[PDB]
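Same chain, two versions here, written out as structure tokens and called structure 1 and structure 2.
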Structure 1
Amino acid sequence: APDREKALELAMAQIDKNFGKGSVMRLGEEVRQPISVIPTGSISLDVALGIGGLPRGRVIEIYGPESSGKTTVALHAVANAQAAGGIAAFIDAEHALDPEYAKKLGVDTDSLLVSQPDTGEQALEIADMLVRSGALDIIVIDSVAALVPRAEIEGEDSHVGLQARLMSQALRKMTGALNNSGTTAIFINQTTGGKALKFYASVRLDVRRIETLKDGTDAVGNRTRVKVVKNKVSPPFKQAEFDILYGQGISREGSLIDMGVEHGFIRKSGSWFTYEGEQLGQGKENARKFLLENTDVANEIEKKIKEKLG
């Protein structure tokens, strides 16, 4: 009887000593703790990730439909890793970034590095050496797909001299660097030229806009769902949902009203949210309005919501 479970252990462990940690996991295991971790400014996602945020020194991929949220996450990530004496670098090859939105998200623009490569090759070289300086915490590439080769942009084919070669290369040599430097790297998507990225990424996130969050009126943002389809640091397949308000981004408040009930610290006495006797208000975003101004109560709720997990 114990020979099986014990033979599986000697073996299992054997697998880690040859191929790393998360080589063989078990969807249940809570096995743990890597101090280094950048909170995504989404308590929700953070636990779904298992280790409470994006691992540092690992390459990451956030993919999905347009306008779902991927970059809003990445930018929150920046802001966190940044508000802790972190130095971020945003290699922009889409010319889409909006500093006024980034600021409201807590990002330090003035101190944010911004490269606007010309060739895909350039971007990955600049990113590479820039990560080798071991000075950066996080680095994000906006749009994997928009990293076209020097050739495709000139004339010199029919697919052969590839992008999904340019990707395998840079990814190969840059993967190591990150390990040492302990810099964690976010890549945005929408394979294409990937097929190599999907393998490297120690964590892959499948983002998608589920609901169209309205505040009675009609528009305020939208509900985003995220499935962590690959995780070599914790158990995969967990998922999370959070609110994104056209203006502020991931709703901290909302993120609590959700967790607050999914964990009983708040009661649904019929569309009427309540916490320890006193009422928060009727209507999901009416309670967020309560949790907004009353930070004391939220601090305790967040505090209790955090103690109930880890």
Structure 2
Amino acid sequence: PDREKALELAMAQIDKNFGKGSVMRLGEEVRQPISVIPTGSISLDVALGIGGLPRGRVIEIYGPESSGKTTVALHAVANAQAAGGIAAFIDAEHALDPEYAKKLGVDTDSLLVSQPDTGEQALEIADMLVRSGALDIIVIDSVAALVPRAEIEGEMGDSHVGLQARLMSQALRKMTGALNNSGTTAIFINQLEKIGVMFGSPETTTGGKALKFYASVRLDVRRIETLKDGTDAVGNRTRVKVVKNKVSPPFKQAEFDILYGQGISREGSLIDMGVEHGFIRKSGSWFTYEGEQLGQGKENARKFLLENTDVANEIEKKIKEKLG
């Protein structure tokens, strides 16, 4: 190439008129911002390209029940709180469980939680609550539970059936500018492909029409396998694919563990992530760390870092220092 002449000038024009990262090649290591929100999984973190979800942008997390969406949502939230941040939770499902949130790192006490009466409301609240500039993150549990005021009151609206896609489009449009000027990232939980499921692949094509286009990031969270511990069902392994990422190349895979009541294993995430990058060395079942050993079985290894917090932070570091 010299072909690379006009092309690079072009792409400059694309990012010029249409948003920022409108065009890029799968193989890049983009700018890397200073403000991000770690997901709780370094694995996912790196797949997002920027070690956290983007700020001031809308984010769609979708997949089947019992996948890992809320957990992820709740972790992503526990952190906006560590850096002194205010988080809001718009609840249309009435299925949030504090004892679990808290167990993950979420200050439930200071966690704002609305319980909308119509979807048209839920969004109004979520908006004029955003136009504040006080919230760092806001989670909308269930995109489908936001029923229009007309379908819920039996009848009292316009342009009949197929309206809640309008309420979304018309609202998402307002939150866009609202979020792009306040630095509030929002997570929309979308309940219900994931490659490796099979049997068909559902019915009538939307990852939320509007949401599909508004979303800057879109996670495809699917449960890939339920875990064990020679005892029972400790948790399960989750697979997240980033089908959309306007902050860095998309289509990146991220896999991690989630344990009932515990959440995402940072430790277990560090091992499988530190070895693949030569930081950790498996041999004879010993996940030894440069000279000194960690544990016999990966579980016992998960536990080691769990006890040796100091050495675990040193691994998380080296890895994020090797890439981003």
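We call the rigid core whatever largest set of C-alpha positions still superposes within 1.5 Å between the two forms. For residue numbers, the reference is structure 1: its sequence is counted from 1.
- Annotation: the position in 59, 244, 48, 280 displaced by at least 2 Å at CA between structures 1 and 2, with the core superposed, corresponds to 280.
- Residue 26 is not among the residues whose C-alpha shifts by 2 Å or more between structures 1 and 2 once the rigid core is aligned; its shift stays under 2 Å.
- Relative to the superposed rigid core, the position of the CA of residue 266 differs between structures 1 and 2 by 2 Å or more.
- Comparison between structures 1 and 2 places the CA of residue 294 2.0 angstrom away from its other position, after core fitting.
- On a core-based overlay, residue 36 has a Cα shift of 1.2 Å between structures 1 and 2.
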